[PDB]
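Structure file start.cif (mmCIF, C-alpha atoms) follows.
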data_data
loop_
_atom_site.group_PDB
_atom_site.id
_atom_site.type_symbol
_atom_site.label_atom_id
_atom_site.label_comp_id
_atom_site.auth_asym_id
_atom_site.auth_seq_id
_atom_site.Cartn_x
_atom_site.Cartn_y
_atom_site.Cartn_z
ATOM 1 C CA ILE A 433 -17.540 10.805 12.753
ATOM 2 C CA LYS A 434 -13.964 11.663 11.819
ATOM 3 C CA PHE A 435 -12.790 8.701 13.915
ATOM 4 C CA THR A 436 -15.329 6.407 12.240
ATOM 5 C CA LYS A 437 -14.219 7.553 8.781
ATOM 6 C CA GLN A 438 -10.586 6.940 9.736
ATOM 7 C CA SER A 439 -11.466 3.419 10.874
ATOM 8 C CA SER A 440 -13.335 2.872 7.601
ATOM 9 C CA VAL A 441 -10.353 4.032 5.532
ATOM 10 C CA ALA A 442 -8.003 1.785 7.515
ATOM 11 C CA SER A 443 -10.257 -1.219 6.966
ATOM 12 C CA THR A 444 -10.679 -0.540 3.217
ATOM 13 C CA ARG A 445 -6.898 -0.355 2.994
ATOM 14 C CA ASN A 446 -6.634 -3.751 4.680
ATOM 15 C CA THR A 447 -9.437 -5.075 2.458
ATOM 16 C CA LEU A 448 -7.827 -4.106 -0.841
ATOM 17 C CA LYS A 449 -4.557 -5.498 0.484
ATOM 18 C CA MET A 450 -5.928 -8.929 1.391
ATOM 19 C CA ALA A 451 -7.783 -9.004 -1.936
ATOM 20 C CA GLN A 452 -4.497 -8.496 -3.777
ATOM 21 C CA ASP A 453 -2.958 -11.199 -1.629
ATOM 22 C CA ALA A 454 -5.549 -13.828 -2.539
ATOM 23 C CA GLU A 455 -5.205 -12.725 -6.168
ATOM 24 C CA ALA A 457 -2.005 -16.969 -4.654
ATOM 25 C CA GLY A 458 -4.861 -17.934 -6.944
ATOM 26 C CA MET A 459 -2.363 -17.338 -9.707
ATOM 27 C CA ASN A 460 0.421 -19.433 -8.268
ATOM 28 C CA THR A 461 -2.122 -22.208 -7.773
ATOM 29 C CA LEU A 462 -3.520 -21.998 -11.325
ATOM 30 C CA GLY A 463 -0.156 -21.633 -13.052
ATOM 31 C CA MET A 464 1.196 -24.642 -11.222
ATOM 32 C CA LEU A 465 -2.053 -26.506 -11.928
ATOM 33 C CA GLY A 466 -1.338 -25.926 -15.600
ATOM 34 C CA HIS A 467 2.177 -27.243 -14.973
ATOM 35 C CA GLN A 468 0.918 -30.396 -13.251
ATOM 36 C CA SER A 469 -1.845 -30.715 -15.845
ATOM 37 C CA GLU A 470 0.870 -31.012 -18.450
ATOM 38 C CA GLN A 471 2.687 -33.494 -16.203
ATOM 39 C CA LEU A 472 -0.484 -35.615 -15.914
ATOM 40 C CA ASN A 473 -0.921 -35.479 -19.699
ATOM 41 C CA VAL A 475 1.924 -39.563 -17.460
ATOM 42 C CA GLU A 476 -1.060 -40.467 -19.650
ATOM 43 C CA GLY A 477 1.198 -40.633 -22.692
ATOM 44 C CA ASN A 478 3.492 -43.084 -20.944
ATOM 45 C CA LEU A 479 0.520 -45.152 -19.750
ATOM 46 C CA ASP A 480 -0.934 -45.478 -23.257
ATOM 47 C CA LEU A 481 2.444 -46.583 -24.555
ATOM 48 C CA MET A 482 2.625 -49.247 -21.835
ATOM 49 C CA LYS A 483 -0.823 -50.523 -22.791
ATOM 50 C CA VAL A 484 0.338 -51.112 -26.370
ATOM 51 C CA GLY B 169 -25.324 57.031 9.958
ATOM 52 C CA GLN B 170 -25.374 53.443 11.257
ATOM 53 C CA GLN B 171 -23.560 50.135 10.791
ATOM 54 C CA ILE B 172 -24.485 46.631 11.918
ATOM 55 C CA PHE B 173 -22.871 43.206 12.136
ATOM 56 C CA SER B 174 -24.632 39.877 11.645
ATOM 57 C CA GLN B 175 -24.515 36.449 13.292
ATOM 58 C CA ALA B 176 -25.152 33.242 11.367
ATOM 59 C CA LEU B 177 -27.213 30.309 12.600
ATOM 60 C CA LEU B 178 -25.622 27.196 11.195
ATOM 61 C CA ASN B 179 -28.785 25.081 10.933
ATOM 62 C CA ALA B 180 -28.391 21.993 8.693
ATOM 63 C CA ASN B 181 -30.047 20.603 11.800
ATOM 64 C CA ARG B 182 -31.239 17.394 10.162
ATOM 65 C CA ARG B 183 -27.605 16.274 10.275
ATOM 66 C CA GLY B 184 -27.014 18.077 13.563
ATOM 67 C CA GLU B 185 -29.845 16.180 15.235
ATOM 68 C CA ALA B 186 -27.577 13.162 15.015
ATOM 69 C CA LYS B 187 -23.814 13.608 15.470
ATOM 70 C CA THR B 188 -23.572 15.140 11.948
ATOM 71 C CA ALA B 189 -23.155 12.838 8.865
ATOM 72 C CA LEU B 190 -24.086 9.244 9.775
ATOM 73 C CA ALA B 191 -26.163 8.184 6.755
ATOM 74 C CA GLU B 192 -23.500 6.609 4.501
ATOM 75 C CA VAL B 193 -20.642 7.155 6.959
ATOM 76 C CA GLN B 194 -21.319 5.077 10.081
ATOM 77 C CA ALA B 195 -23.228 2.409 8.113
ATOM 78 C CA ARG B 196 -20.349 2.168 5.667
ATOM 79 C CA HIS B 197 -18.012 1.365 8.546
ATOM 80 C CA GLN B 198 -20.513 -1.194 9.867
ATOM 81 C CA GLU B 199 -20.588 -3.159 6.591
ATOM 82 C CA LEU B 200 -16.943 -2.631 5.713
ATOM 83 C CA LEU B 201 -15.612 -4.669 8.624
ATOM 84 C CA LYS B 202 -17.963 -7.395 7.386
ATOM 85 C CA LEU B 203 -16.230 -7.138 4.017
ATOM 86 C CA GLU B 204 -12.910 -7.459 5.866
ATOM 87 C CA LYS B 205 -13.933 -10.629 7.716
ATOM 88 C CA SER B 206 -15.316 -12.277 4.589
ATOM 89 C CA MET B 207 -12.163 -11.439 2.649
ATOM 90 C CA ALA B 208 -10.063 -12.820 5.507
ATOM 91 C CA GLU B 209 -11.977 -16.069 5.103
ATOM 92 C CA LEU B 210 -11.531 -16.002 1.313
ATOM 93 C CA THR B 211 -7.777 -15.518 1.550
ATOM 94 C CA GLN B 212 -7.613 -18.185 4.266
#

Turn the structure described in the file into C-alpha coordinates.
Amino acid sequence: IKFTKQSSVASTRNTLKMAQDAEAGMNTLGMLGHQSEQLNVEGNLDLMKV
Amino acid sequence: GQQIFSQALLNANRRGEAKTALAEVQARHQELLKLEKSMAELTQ
(Lines of atoms letter the chains of each structure in order from A and count residues from 1; the text may use other names and numbers.)
(Lines give C-alpha, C1' and ligand atoms only; values in the text may rest on other atoms or scores of the structure.)
Protein backbone atom coordinates (compact mmCIF):
# COMPACT_ATOMS: atom_id res chain seq x y z
CA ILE A 1 0.00 0.00 0.00
CA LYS A 2 2.87 2.41 0.62
CA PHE A 3 4.36 1.37 -2.73
CA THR A 4 1.01 1.87 -4.47
CA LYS A 5 0.62 5.33 -2.93
CA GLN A 6 4.14 6.23 -4.05
CA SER A 7 3.31 5.13 -7.60
CA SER A 8 0.11 7.19 -7.44
CA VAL A 9 2.00 10.30 -6.29
CA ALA A 10 4.59 9.84 -9.05
CA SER A 11 1.88 9.54 -11.68
CA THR A 12 -0.06 12.59 -10.40
CA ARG A 13 3.19 14.53 -10.57
CA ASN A 14 3.63 13.46 -14.19
CA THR A 15 -0.04 14.24 -14.87
CA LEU A 16 0.06 17.81 -13.58
CA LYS A 17 3.30 18.28 -15.48
CA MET A 18 1.95 17.15 -18.86
CA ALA A 19 -1.19 19.22 -18.23
CA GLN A 20 0.96 22.33 -17.79
CA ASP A 21 2.84 21.39 -20.93
CA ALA A 22 -0.27 21.22 -23.11
CA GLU A 23 -1.41 24.48 -21.51
CA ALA A 24 1.40 25.01 -26.24
CA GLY A 25 -2.30 25.78 -26.54
CA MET A 26 -1.24 29.33 -25.79
CA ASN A 27 1.52 29.54 -28.36
CA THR A 28 -0.95 28.16 -30.90
CA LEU A 29 -3.73 30.62 -30.01
CA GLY A 30 -1.49 33.68 -29.73
CA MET A 31 0.03 32.96 -33.11
CA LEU A 32 -3.44 32.24 -34.50
CA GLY A 33 -4.36 35.75 -33.44
CA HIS A 34 -1.20 36.95 -35.19
CA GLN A 35 -2.05 35.13 -38.42
CA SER A 36 -5.69 36.16 -38.06
CA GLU A 37 -4.51 39.74 -38.23
CA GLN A 38 -2.31 38.82 -41.20
CA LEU A 39 -5.31 37.28 -43.00
CA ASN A 40 -7.37 40.40 -42.25
CA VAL A 41 -4.52 40.11 -46.90
CA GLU A 42 -8.27 40.73 -47.14
CA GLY A 43 -7.67 44.48 -47.08
CA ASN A 44 -5.27 44.22 -49.99
CA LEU A 45 -7.68 41.97 -51.90
CA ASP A 46 -10.58 44.41 -51.53
CA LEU A 47 -8.37 47.22 -52.77
CA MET A 48 -7.42 45.15 -55.82
CA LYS A 49 -11.09 44.50 -56.57
CA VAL A 50 -11.77 48.24 -56.73
CA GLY B 1 -0.65 -5.24 46.66
CA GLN B 2 -0.69 -6.09 42.94
CA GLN B 3 0.17 -4.54 39.58
CA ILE B 4 -0.71 -5.65 36.06
CA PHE B 5 0.26 -4.79 32.49
CA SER B 6 -2.05 -4.89 29.47
CA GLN B 7 -1.76 -5.98 25.84
CA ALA B 8 -3.70 -4.30 23.05
CA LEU B 9 -5.43 -6.08 20.19
CA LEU B 10 -5.16 -3.83 17.18
CA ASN B 11 -8.40 -4.88 15.46
CA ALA B 12 -9.56 -2.45 12.73
CA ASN B 13 -9.85 -5.84 11.06
CA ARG B 14 -12.15 -4.66 8.28
CA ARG B 15 -9.08 -2.98 6.79
CA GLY B 16 -6.80 -5.76 8.00
CA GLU B 17 -8.85 -8.38 6.17
CA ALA B 18 -7.44 -6.86 3.00
CA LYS B 19 -3.85 -5.56 2.98
CA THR B 20 -4.97 -2.48 5.00
CA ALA B 21 -6.35 0.64 3.17
CA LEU B 22 -7.34 -0.28 -0.41
CA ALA B 23 -10.69 1.51 -0.78
CA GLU B 24 -9.61 4.87 -2.25
CA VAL B 25 -5.91 3.99 -2.39
CA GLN B 26 -5.44 1.10 -4.84
CA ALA B 27 -8.43 2.19 -6.96
CA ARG B 28 -7.03 5.70 -7.12
CA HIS B 29 -3.82 4.32 -8.59
CA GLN B 30 -5.84 2.22 -11.05
CA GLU B 31 -7.69 5.25 -12.47
CA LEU B 32 -4.79 7.67 -12.19
CA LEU B 33 -2.65 5.90 -14.78
CA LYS B 34 -5.71 6.14 -17.03
CA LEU B 35 -5.65 9.89 -16.44
CA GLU B 36 -1.95 9.83 -17.38
CA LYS B 37 -2.54 8.01 -20.67
CA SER B 38 -5.42 10.26 -21.67
CA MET B 39 -3.38 13.36 -20.87
CA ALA B 40 -0.48 11.94 -22.88
CA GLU B 41 -2.86 11.70 -25.82
CA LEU B 42 -4.16 15.24 -25.22
CA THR B 43 -0.67 16.73 -25.17
CA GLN B 44 0.26 14.65 -28.22

Mind pulling up the distance from atom CA of residue B:200 to atom CA of residue A:458?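 Distance between the two atoms: 23.2 Å.
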
Go through the shown structure with the PyMOL selection byres ((chain B) within 10 of (chain A)) and write out the matching residues as an NGL selection string. :B and (187-190 or 193-208 or 210-212)

Separation of atom CA of residue B:177 from atom CA of residue A:435 in Å: 26.0 Å

Can you tell me, as JSON, the centre and edge lengths (Å, one decimal) of the axis-aligned box enclosing all of stretch 468-473 of chain A's listed atoms after padding each side by 4 Å?
{"center_x": 0.4, "center_y": -33.0, "center_z": -16.5, "size_x": 12.5, "size_y": 13.2, "size_z": 14.4}

Grab the atom CA of residue A:463 to atom CA of residue A:479 distance for me, in Å with one decimal place.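 Taking atom CA of residue A:463 as the start and atom CA of residue A:479 as the end point, the length is 24.5 Å.
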